[PDB]
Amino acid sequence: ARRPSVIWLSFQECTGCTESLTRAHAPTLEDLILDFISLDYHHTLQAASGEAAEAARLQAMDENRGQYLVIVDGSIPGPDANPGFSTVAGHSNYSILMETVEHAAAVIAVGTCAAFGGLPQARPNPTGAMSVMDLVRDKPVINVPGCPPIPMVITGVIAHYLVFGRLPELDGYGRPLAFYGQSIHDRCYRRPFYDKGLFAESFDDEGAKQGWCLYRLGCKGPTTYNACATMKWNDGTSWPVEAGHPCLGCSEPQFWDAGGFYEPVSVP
């Protein structure tokens, strides 16, 4: 102990959230790992496999009791679902979650699956998937949703916690205000076009080419909270609506089940 310990649990994930983390330009994952944290367990990157890998997670939990951070990627089949739907080293994800968070300082649920249930939880939920906050109640939990979240939102939250020595201020769903405090639609560069009644009617008509609003093609920006419209993606390169596709709503609970992606809602 001396760099704070971080344990990364990967459950029913697609590994998008870890890839996103490796995209972040500041602080980079390598600077974090060498200089700022001690990333003590992470399946994607671990030299050791099998019991040597499991022993590293357990020794981290032993030596940093009360102090380590847990980051969880993916939904977890709940304790009423078959323990065999998702296991590591012969234990269920649910068992590993509860045992690893028991002595954490805090838990970050990264990605909409961990935060809210996400894809494995979309109808009809064949594996009884659940979110971290539903399963873990006696711990501070920070939700950092998105599918995946923006890379510099992930490291932004981590840098906040490490540099300023506290949890970010959260909205009612446990999401950091700095990144999730404003809707896409209240920041979107097509918004004044929306308000003038200028809309694209396909992906490459005059309105699409000119950056008219994507509302008629299904955009869920009006009810979606994320930093894409201001911070943008991949070191400020672009974001989904700037590249010509409607926002899918991918940082909102149950966004997979909001009717079709290409259908407008019934009002605002």
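All residue numbers refer to positions in the sequence shown, first residue = 1.
Undergrad: Quick one: higher average CA temperature factor, 214-222 or 65-73?
TA: Comparing 65-73 with 214-222, the higher mean C-alpha B-factor belongs to 65-73.
Undergrad: Would you determine, from the values in the PDB entry, which of 195-203 and 235-243 has the greater average C-alpha temperature factor?
TA: Stretch with the greater average CA B-factor: 195-203.
Undergrad: Highest Cα temperature factor in the entry, among the options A104, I154, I184, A109: which one is it?
TA: Across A104, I154, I184, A109, the entry lists the biggest C-alpha B-factor for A104.
Undergrad: In the PDB entry, which of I150, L119, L162, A114 has its C-alpha at the highest B-factor?
TA: Of the options given, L162 has the highest CA B-factor in the PDB entry.
Undergrad: Lowest, middle or highest third: where is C228 by Cα B-factor in its chain?
TA: Lowest third - that is where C228 ends up once the chain's C-alpha B-factors are sorted.
Undergrad: If you rank the chain by CA B-factor, which third does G146 end up in: lowest, middle or highest?
TA: Within its chain, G146 is a lowest-third residue by C-alpha B-factor, going by the deposited values.
Undergrad: Would you please rank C188 by its C-alpha temperature factor against the other modelled residues of its chain and give the third it falls in: lowest, middle or highest?
TA: Its C-alpha B-factor, which the entry lists for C188, ranks in the lowest third among residues of this chain.
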